[PDB]
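Colleague: Below is a structure I'd like to ask you about.
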Amino acid sequence: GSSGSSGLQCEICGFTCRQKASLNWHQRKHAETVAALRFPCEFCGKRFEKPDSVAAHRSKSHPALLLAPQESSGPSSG
Ligand SMILES: [Zn+2]
Ligand SMILES: [Zn+2]
């Protein structure tokens with residue numbers, strides 16, 4: 001077959017599709033879905049319909065930030 005790109009990857013949710021159309025058709029919905037999410041991610045900027053999901057996301061996508069950083073301390077707000 002043809003070697004090169006494997007498949008497209010969405011940034012909104014993180015889906016993957018082979019055909020370009022799919023992505024577009026899969027994004028058109030995001031434009032309306034964005035409304036649902038009310039609690040944004042102060043870590044990356046994402047958004048969720050609720051905080052419960054925003055807190056866990058940081059443990060799956062930002063699981064390397066929550067933990068103590070390198071020797072060099074930093075300003076933590078809590
Ligand atoms: Zn998506
Ligand atoms: Zn995030």
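Every chain in the structure tokens has a letter given in the order shown (A, B, ...), and although residue numbers restart at 1 in each chain, ligands are simply numbered from 1 in the order shown.
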Report as a ChimeraX atom specification which protein, DNA and RNA residues come within 6 Å of ligand 1, using only C-alpha atoms and all ligand atoms.
Modeller: /A:10,12-15,27
Colleague: Those same residues - C-alpha atoms - I'd like them written as a PDB file, in the first residue's frame.
Modeller:
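The new file result_19.pdb reads:
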ATOM      1  CA  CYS A  10      -8.876  15.481  16.143  1.00  0.00           C
ATOM      2  CA  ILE A  12     -11.248  18.763  20.206  1.00  0.00           C
ATOM      3  CA  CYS A  13     -11.908  15.341  21.728  1.00  0.00           C
ATOM      4  CA  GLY A  14      -9.070  13.329  20.218  1.00  0.00           C
ATOM      5  CA  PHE A  15     -10.794  11.123  17.654  1.00  0.00           C
ATOM      6  CA  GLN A  27     -16.005  18.524  13.752  1.00  0.00           C
TER       7      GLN A  27
END
Colleague: Contacts of segment 48-62 of chain A at 6 Å or less, counting only C-alpha atoms, minus same-chain residues fewer than 3 places along, as an NGL selection string?
Modeller: :A and (36-39 or 65)
Colleague: Residues within 10 Å of segment 4-6 of chain A, please, as a PyMOL selection string. Count only C-alpha atoms; anything in the same chain fewer than 6 positions from it doesn't count.
Modeller: chain A and resi 16-18
Colleague: Pick out the residues no farther than 6 Å from ligand 2, counting only C-alpha atoms and all ligand atoms, and list them as a ChimeraX atom specification.
Modeller: /A:41,43-46,58
Colleague: Could you give me, as a VMD selection string, each residue of chain A that DSSP assigns to strand (DSSP E or B) when run on this structure's backbone?
Modeller: chain A and resid 8 to 9 16 to 17 39 to 40 47 to 48
Colleague: Check chain A with DSSP on the backbone and list each residue it calls alpha helix (DSSP H), as JSON, numbers by chain.
Modeller: {"A": [20, 21, 22, 23, 24, 25, 26, 27, 28, 29, 30, 31, 32, 33, 51, 52, 53, 54, 55, 56, 57, 58, 59, 60]}
Colleague: Using only C-alpha atoms, find the one residue out of A:78, A:47, A:9, A:67 that sits nearest to residue 26 of chain A.
Modeller: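 Once distances to residue 26 of chain A are computed over only C-alpha atoms, the minimum belongs to A:9.
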Colleague: Could you state the separation of atom CA of residue 20 of chain A and atom CA of residue 7 of chain A in Å, given to one decimal place?
Modeller: 9.1 Å
Colleague: For residue 77 of chain A, which residue out of A:3, A:42, A:63, A:25 is the nearest one, using only C-alpha atoms?
Modeller: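 Ranked by minimum distance to residue 77 of chain A, first place goes to A:42.
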Colleague: As an exercise, work out the distance from atom CA of residue 11 of chain A to atom CA of residue 28 of chain A in Å and give it to one decimal place.
Modeller: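 Computing the Euclidean distance for atom CA of residue 11 of chain A and atom CA of residue 28 of chain A yields 13.1 Å.
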